[PDB]
Each structure stands twice: as C-alpha cells, then as structure tokens.
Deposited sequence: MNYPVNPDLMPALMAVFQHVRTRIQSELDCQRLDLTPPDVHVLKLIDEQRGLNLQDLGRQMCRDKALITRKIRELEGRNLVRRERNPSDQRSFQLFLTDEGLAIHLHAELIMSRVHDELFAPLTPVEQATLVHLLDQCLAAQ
C-alpha cells in the first residue's frame, strides 16, 4: 500500500453498483417481465453464441432454467445434428426481443445515473474508473 484508502470509496462504489441492480430489477418488475439476473445472463449468452451447447452454457454460468425459458417461449432447443440425444440452444423471436429490451433497460438506467453530471464531470469519472483498471 502507498497510503490508506479513502474509507468512503468502497461504499460509494458499492452504492452505485446497488443502484444499478435495484433500478434494473425494478423496471423489469414494473414491466411484468418476470426476469432475474440469471435469466438476463442466459438470454445474453444464447444470443451471443447461437446454437450454444448446454454444457458450454453451464461453463459460462441449468437444465431446470432452460426448461422454464423454453416454456415461456424465450428459448428453443434443437437437436445437435451429430448427437441426437443432446440439444443446442437458440432464442426465439420473442426471446431475442426480450433480450434486446432488457439491454435497452440497462442502458437507460445508466444514462439516468450519469446524466446529472456535466460532460467535464463525466469524462473525469471515466478517467478515474479507467485508472483503477489500467493499473
């Protein structure tokens, strides 16, 4: 360590992380979407990796959860062309629409979080957050 850390920094950061989760969840709930962070994560992986195998989803995170998502018409399982006993994962039209809607919710929550800052302030914040990682 060079100097003791400011004792308010970890809590101030945690509060922002808390705000983002709380707001996203509240919006999802207000909007009647019945989605949890695990749901959002699963939809994102399936969209990002079309035809994802179940074990590969397992690695990046389940059979019960896919069953739920399939029943809600968000995910479709197709047989693996080489292995008829296993299934690969795809978003339905509805599941894709919901994934992209969830993404727009997340970006709006961030926009609303940051918009009270002036452009100079926002740029300073980017720099400081980046400084934490760059080093």
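Asker: Missing C-alpha coordinates: which residue stretches of the deposited sequence does that apply to?
Answerer: Since the structure holds only modelled residues, the stretches it omits are 62-67, 142.
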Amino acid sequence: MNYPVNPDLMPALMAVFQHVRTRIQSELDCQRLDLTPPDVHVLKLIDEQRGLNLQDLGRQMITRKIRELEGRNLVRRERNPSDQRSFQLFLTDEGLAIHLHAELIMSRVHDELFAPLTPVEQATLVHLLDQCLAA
From here on, numbers count along this sequence of modelled residues.
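Asker: Take the C-alpha B-factors listed in the entry for 92-100 and for 52-60, compute each mean, and give the stretch with the larger one.
Answerer: For C-alpha atoms only, the mean B-factor is higher in 52-60.
Asker: Check the entry's C-alpha temperature factors for 42-50 and 82-90, then say which stretch has the higher mean.
Answerer: The deposited B-factors put 82-90 ahead on the C-alpha mean.
Asker: Quick one: which of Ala115, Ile24, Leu9, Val16 shows the highest Cα temperature factor in the PDB entry?
Answerer: That would be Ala115.
Asker: Please say which third, lowest, middle or highest, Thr36 falls into when its CA temperature factor is compared across its chain.
Answerer: Bottom third by C-alpha B-factor.
Asker: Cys30's Cα B-factor: lowest, middle or highest third of the chain?
Answerer: For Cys30, the deposited C-alpha B-factor lands in the lowest third.
Asker: Check where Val75 lands among this chain's C-alpha B-factors and tell me if it's the lowest, middle or highest third.
Answerer: Its C-alpha B-factor, which the entry lists for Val75, ranks in the highest third among residues of this chain.
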